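Numbering (the working numbering), first residue to last: 30 to 454.
Okay, structure first, notes after.
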Ligand SMILES: [Mg+2]
């Protein structure tokens, strides 16, 4: 009987700051689900952090050990919905949230590691493992509580069944053409126009600029870019939760002329009514949010209030695959596109599977959206993402693409990493 013998965690942080979040140090609360089977059989996952607090985030994950060690691998793998709820339904853990913040993300990491585990066992890349599950198996993994007023399991099944026929075709299409990507690398001011042109030349059909500090600057930067990009390249803007409702409206109306693909997080990630009010005031400028959205219940409300034109999704922010599947289904039912958030540490490696699984088994739509891409720390992963002319190549190796190089962990663990031992000297 294959069993999960250990839940190991590492506080891993990269000094990226030496290259509304200034000086962030991309970090990861790295989790590994060890078993007593082939050394090849293990689950990998991680929570993306930005520096301080990564140690508390790691401790939250380590606190989940008793819930997992001793569990039968086959039992976890055969009931991922049940495994997620064993963590999700621990009322004492819920008190620390519920389903939000540090505790919930820690849980999401362990859940993601479990899916990585199942994918490896099925010997398939996660996106395929997900898309090839029966409509019934998919639905069993999702938590429908608090969602019956917007998405019942029957409605979820309907969507998945109506898409089952084309799964074979979409799979081939994806493997042949890849998934659309967009860059934020040029948007972090002669550089703006330059980097923008290179982006287009590299094949990216969408670009995103940061805004929110000065209207004048934003107006100028958006103009220069629109003209430096042509009128057929999509250009988005991210305000990073900076504005209040009134200011956000006044601000975005001054950027409208430069053809905005969408404004990301114009206000607080908790303000559902606020995003809707902003959207109404700056029409037709599209509004989005999502990288910090706590759980499927807040997403449900975003959709219900018509507060978004499109939505971000994040692999490590919520309750793992189980929760993202629910969100993807919500988005599909309400007819709003999803542009996955990525970047940071391994976010690209992770979120690509979710987007690809959505295309194959749930929407069959990918040319109308794109996965975010940022060129950072990909070398620390065994299965780094591959961008071919502005598009994500479908991963082939088994898993969630979460596994990191031991040498990387050995070099950047905090504060005992070979680098951190020398640094603090
Ligand atoms: Mg952002």
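All C-beta atoms in this analysis are idealised placements derived from N, C-alpha and C, irrespective of residue type, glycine included.
In the same chain as residue 324, and ignoring 5 residues on each side of it, the C-beta atoms closer than 8 Å to its own belong to 128, 129, 133, 347, 348, 352, in chain order. Note that the C-beta distance between residue 314 and residue 289 is below 7 Å. Note on residue 101: under 16 other CB atoms within 10 angstroms of its CB, so exposed under the neighbour-count rule. Residue nearest to residue 38 within the set 65, 307, 72, 266 is 72 (criterion: CA-CA distance). Residues of the same chain with a CB within less than 8 Å of the CB of residue 428, apart from the 5 flanking positions on each side, are 73, 145, 148, 149, 154, 155, 412 in chain order. If you check the CB distance, residue 208 and residue 416 do not come in under 7 Å. The beta carbon of residue 355 lies closer than 6 Å to those of 171, 325 in the same chain, with the five residues before and after it left out. Contact between the stretch 175-183 and the stretch 368-385 is absent: fewer than three C-beta pairs spanning the two stretches fall below 8 Å.
For ligand 1, the residues with a Cβ under 7 Å from any of its heavy atoms are, in chain order, 267, 269, 293, 294, 320, 370. A straight-line Cα-Cα distance of about 19 Å links residue 442 and residue 345. The beta carbon of residue 366 lies closer than 7 Å to those of 339, 397, 398 in the same chain, with the five residues before and after it left out. Across the structure, residue 238 and residue 220 are spaced so that their CA atoms are roughly 12 Å apart.
Out of 43, 41, 49, the CA that lies nearest to the CA of residue 271 is found in 49. Closest in alpha carbon position to residue 310, among 329, 297, 336, is 336. Inclusion of residue 268 and residue 295 in the CB contact set at 7 Å is warranted, their separation being smaller than that value.
Per DSSP, reduced to three states, the secondary structure at residue 68 is coil, with no helix or strand assignment. Comparing alpha-carbon positions, the option among 131, 388, 135 lying closest to residue 194 turns out to be 388. Here residue 93 is actually not in contact with residue 41; their C-beta atoms are around 18 Å apart, not less than 8 Å. At a cut-off of 4 residues, the continuous stretches assigned as alpha helix (DSSP H) that sit fully inside the stretch 328-363 are 349-363. When the beta-carbon positions are compared, residue 167 and residue 189 come within less than 7 Å of each other.
DSSP lists 61 as the beta-bridge partner residues of residue 37. For residue 52, there is no enclosing alpha helix (DSSP H), since its DSSP letter is neither H nor E. Counted as a single uninterrupted DSSP element, the beta strand (DSSP E) harbouring residue 400 occupies residues 400-402. For residue 209, the enclosing beta strand (DSSP E) has its first and last residue at 208-212.
Of 30, 46, 31, the smallest CA-CA separation from residue 405 is found for 46. Just so you know, the alpha carbons of residue 282 and residue 247 end up roughly 11 Å apart. Looking at the backbone, the Cα of residue 306 and that of residue 235 are separated by about 26 Å. When rounded, the separation of the alpha-carbon atoms in residue 118 and residue 360 is 25 Å.
Residue 375 places its beta carbon 7 Å or farther from that of residue 199. In chain order, 341, 342, 380, 383, 384, 400, 401 place their CB closer than 7 Å to the CB of residue 369, counting only its own chain and leaving out the 5 sequence neighbours on each side.
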